[PDB]
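Next up: the same protein chain in two forms, each one alone, written as structure tokens (structure 1, then structure 2).
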Structure 1
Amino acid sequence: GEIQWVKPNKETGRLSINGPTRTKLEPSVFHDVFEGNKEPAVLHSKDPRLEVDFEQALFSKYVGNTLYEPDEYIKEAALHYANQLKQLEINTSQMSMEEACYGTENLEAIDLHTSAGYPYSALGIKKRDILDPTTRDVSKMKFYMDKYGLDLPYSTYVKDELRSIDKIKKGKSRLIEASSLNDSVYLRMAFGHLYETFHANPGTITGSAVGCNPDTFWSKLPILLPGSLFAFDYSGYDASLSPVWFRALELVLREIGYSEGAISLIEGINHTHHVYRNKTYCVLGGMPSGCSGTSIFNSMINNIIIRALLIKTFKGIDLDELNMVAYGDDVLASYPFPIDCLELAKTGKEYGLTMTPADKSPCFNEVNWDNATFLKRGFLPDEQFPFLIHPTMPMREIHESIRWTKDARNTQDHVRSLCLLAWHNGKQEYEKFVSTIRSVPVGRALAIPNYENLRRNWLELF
């Protein structure tokens, strides 16, 4: 990804958002009860805690594009993953508007709680004005789609979220880059069935863990990834993807039987316009970050990357014996024998992708289930039933999260949510958590769920 040009809104004629540049995250009742050092992210250019220029720090994620066109390694990788998909028999025919907007059993309805994007968010029009789940009416959508058309700019804004104190100083906030409701609807009409099958089939056929339920899916992973595991963290994955990866995704999409009309929508993702407050700019390469109607494609592209890195680093490596799942940038993969992570990372460097192995370290050793991280979570076999695997969210993260709130009226719900995460760390850990909560009068007034009861309901999921 790389910005091509920037122009002021006055020049382009694009509507300005505002924004309401103030954090909604306030310290919660447990702020000083628990330990942590994460504050709300930097929202405006004038933030007192800034070390650098904010606006230019924001866009330093676009490291540039190295390759524009698939070489022989990328094509072979795209074909293998394409071939592997075929067994899923993905329905390539356009999904109706009604289903794309209001949901099926394997595809969730468009979230009515997010902004509708350009120009709706700028015009005060929100999704509730257009969509109604009770009526399931699409005529008002077709109307607004008629009015504004497709290929609209992505309304871009800073994500109001907790960040490390280092990222606040260095000004590395994260952007929500939201597509226009119009393009969401159209994209989901073209690829809605693909999303459906993917959602319904987390695992090694799809190569995806998108929409999985870590509570149950965790136990399936050791079986789905036998032999020697490998994994790593990407640095700025989304913005580091060059147009080559979108080209390779087009190849994959064509090979599984998509029309050219549907396939031409991928260029609208590769080459994007954005509006950030009162300046508009053009991005070539790079996956738009904000929304989730982009998660599946990221996971697919990652399935291409991993394959393309393997066959380029190791002559005559066997792609039929690779197993992987990806949720965006996050990848868990395995192979019959171990793989040099530092050699992959240098092959990835050729394609403009920053990779550092998930450890210290500076590499794998060899990274198996004990230290294995996926979707932040670790993997812990159940004490009594070792074949059942707990997803372990690190207490470190849970502590950071409890110390802040966006709405003070939501302390009960927010805590329960964290408890549903916490207990997987074990009975000893959970007691220590709940007692620190009950270390304060407000905590003792709360309905904190019982350990063995939580375990009970978990067992009943198997």
Structure 2
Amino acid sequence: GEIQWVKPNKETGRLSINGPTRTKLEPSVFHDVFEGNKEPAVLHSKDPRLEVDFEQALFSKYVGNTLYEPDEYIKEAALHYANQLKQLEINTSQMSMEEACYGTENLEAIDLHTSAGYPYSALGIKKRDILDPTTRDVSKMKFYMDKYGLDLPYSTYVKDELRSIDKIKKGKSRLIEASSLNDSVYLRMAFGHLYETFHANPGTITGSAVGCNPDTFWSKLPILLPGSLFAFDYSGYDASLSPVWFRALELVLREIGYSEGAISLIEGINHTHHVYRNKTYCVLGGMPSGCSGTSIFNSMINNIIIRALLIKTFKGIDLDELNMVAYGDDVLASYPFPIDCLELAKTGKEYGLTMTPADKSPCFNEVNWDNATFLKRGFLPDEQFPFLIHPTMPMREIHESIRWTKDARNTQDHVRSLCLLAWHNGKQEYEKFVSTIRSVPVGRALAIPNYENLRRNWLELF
């Protein structure tokens, strides 16, 4: 991805948003009971902790575009993923606005608590004003869709979340790039059925884990990805995507039967205008973070990329032997033989992709079921029933996170949530976690859930 220009909002005529004021994250009543080294991300320019220039840290994610136009390696990839999709019989037809907004059994309703984007947030119009689940009215949406039309700027602001000290010093906060309600509705209308099938089918046909529930999906993963695993990390995947990938996405949507109208939506994703604060700017390449189908399209795109890398890098590689699931940038794969990911990573840099070994690793080593990471989590066979895999959220992460809160009344649920994650790590870990919690009179007053109750519940899902 690459910014093409920047200009003042007076010139472009775009409305401006309020800068978020303070972080909403406070010290929790466990702030110093547990250890970690994370604080609220830098949320503005004058943050006393900044060792560098903010705005140029913000936008350095956009490392250029290396290629605008699919070569043969990419076209063949796209087509193989497209042919693979064929068997899911994706409904290529437009979804009703009602469903688009209000959801069906496999597409969640538009989230009423998120911002409505441009120009809604600048005018103080909230989704709640336009959308009511109790009536499923779409007449108001039609009205605003007429009023402001389509293909609007992405309203961009800083994500209020926890970051390492390293990222706070180095100004590496993350951006939220929210598409306008108008464009979310329209994208969902054009691709809602695709979203539905993808939610209903996490696995190796879609090649997508979006919407999976790791509680159960983890047990399928060994079966779905047999033979020899592989996995790595990308640095700033989203922003490093050059247009070529949007082009390749188009080939895939064409080949599975989409109309040209629906396909033209993609250019409005590959080429976006954003409004960060007082300026508006043009990005060409890069998946916006907050675009309706971000997750899926990123996941689809990654399906294209892994295949392209494979067949550009190795000869006689048979793509039907591949298995992968992708959740945005995050991929878990297998193949019947080992795969030299160092060479993949090199091929990757040619395309503008930065690939590093799995889990901050020193080296492109072995990934097996024991060290493998997916959606932050590791894989641990249940001791009694080894066919059941537990998703292991590192405790390090659970510790970091319990030390802060955005709502001071939520301690109870905040701890319970963390417990629902921590127990997958084993009885002895869990006890260690709960005992630290219970190490402080406030801990002791909480209803903390029982290890063997959590486990009996977990079994009852299989």
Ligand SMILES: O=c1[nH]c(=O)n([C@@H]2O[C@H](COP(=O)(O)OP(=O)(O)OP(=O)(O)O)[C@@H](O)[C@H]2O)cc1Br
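For the two forms, the rigid core is made up of the largest set of C-alpha atoms that agree within 1.5 Å on superposition. Residues are numbered by position in structure 1's sequence, first residue being 1.
Query raised in the report: Which of these two, 1 or 2, is the form deposited with this ligand bound?
Result: That would be structure 1, which is the form deposited with this ligand bound.
Query - Out of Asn365, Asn213, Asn91, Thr354, the residue that alone shifts its CA by 2 Å or more between structures 1 and 2 when the rigid core is the reference - result: Per the superposition, the moving residue is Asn365.
**Report entry** Is_shifted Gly328 between structures 1 and 2 (CA, 2 Å cut-off, rigid core)
**Finding:** Comparing the forms between structures 1 and 2, which are aligned on their rigid core, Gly328 does not shift its C-alpha by 2 Å or more.
Report task. For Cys291, decide whether the Cα shift between structures 1 and 2 is 2 Å or greater, given a superposition on the rigid core. Result -> Superposed on the core, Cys291 moves its C-alpha 2 Å or more between structures 1 and 2.
Query raised in the report: Where the rigid core has been superposed, how far does the Cα of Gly316 end up moving between structures 1 and 2, given in Å?
Result: Here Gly316 registers a C-alpha shift of 1.9 Å.
Query raised in the report: In Å, how large is the C-alpha displacement of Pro20 between structures 1 and 2 after the rigid core is aligned?
Result: C-alpha shift for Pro20: 2.6 Å.
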